[PDB]
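**Student:** Going letter by letter, the sequence shown gives residues 78 to 138 in PDB author numbering. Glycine included, C-beta positions come from ideal geometry on N, C-alpha and C.
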Amino acid sequence: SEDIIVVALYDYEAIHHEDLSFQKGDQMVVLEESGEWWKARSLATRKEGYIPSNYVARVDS
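(1) Please classify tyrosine 127: is it buried, with 16 or more other beta-carbons within 10 angstroms of its beta-carbon, or exposed?
(2) Grouping DSSP H, G and I as helix and E and B as strand, with all else coil, what is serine 98?
(3) What does the Cβ neighbour count give for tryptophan 115, buried or exposed, with the cut at 16 atoms within 10 Å?
(4) Tell me, to the nearest whole angstrom, how far the beta carbon of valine 133 is from that of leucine 86; I am working on the premise that it is less than 8 Å.
(5) I think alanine 117 touches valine 83, with their Cβ atoms under 8 Å apart; what is that distance to the nearest whole Å?
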């Protein structure tokens, strides 16, 4: 029973309305699945926005 939580493997700063700045070793949950831009919620701040999946890793935690 996996889930849609990913981890940011590199630092990234937001740049839009529902954007999200994560870090090189951050953890975020995904709210929906899409192309390379996934919408997730950063648990470190309970916020949520976009995150380039090309520099992230999907996991069930």
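**Tutor:** So, from the data block:
(1) buried
(2) coil
(3) buried
(4) 6 Å
(5) 6 Å
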